Amino acid sequence: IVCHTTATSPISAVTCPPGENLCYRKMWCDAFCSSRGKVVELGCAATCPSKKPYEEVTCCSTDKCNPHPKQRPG
């Protein structure tokens, strides 16, 4: 119960696994930065282990912080 966005696809608030708040956010620019950007990770996977820098990454835990524009209305 935390991030209310992405997290293993379009999700729906899910808020990743347990950890009891928080949402590891990673990905955004796939790896081609060829425009767009709807292939993120921001999934959580415990307690946001931070992971690595690479493409895009972060770590929130304040209700959410792993959104994603564009998306698909279906």
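Count begins at 1; order follows the chain as displayed.
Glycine residues also receive a Cβ, built from the backbone N, Cα and C atoms like all the rest.
Look at Swiss-Prot and you will find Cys3-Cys23 (among others) tagged as disulfide bond, backed by experimental evidence. In sequence order, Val2, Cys3, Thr5, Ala7, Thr15, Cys16, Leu42, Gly43, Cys44, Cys48, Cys59, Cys60, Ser61, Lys64, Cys65, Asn66 are the residues of the chain that are 6 or more apart from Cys23 (disulfide bond) and have a CB within less than 8 Å of its CB.
Sequence annotations record features per position, and here Swiss-Prot assigns disulfide bond to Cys16-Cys44 (among others). Secondary structure at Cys16 (disulfide bond), as computed by DSSP, is coil.
Residues annotated as disulfide bond in Swiss-Prot, with experimental evidence given as evidence: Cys29-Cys33 (among others). In the three-state DSSP classification, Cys29 (disulfide bond) falls within coil.
According to Swiss-Prot, the feature disulfide bond maps to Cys48-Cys59 (among others), an assignment based on experimental evidence. Look at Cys48 (disulfide bond): DSSP puts it in coil.
Per Swiss-Prot, disulfide bond is recorded for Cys60-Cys65 (among others). Mapped onto three states, the DSSP output places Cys60 (disulfide bond) in strand.
Note on the disulfide-bonded residues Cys16, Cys29, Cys59, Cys60: the fewest other CB atoms within 10 A surround the CB of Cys29. The most densely surrounded of the disulfide-bonded residues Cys3, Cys33, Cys65 is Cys3 (count of other Cβ atoms within 10 A of its Cβ).
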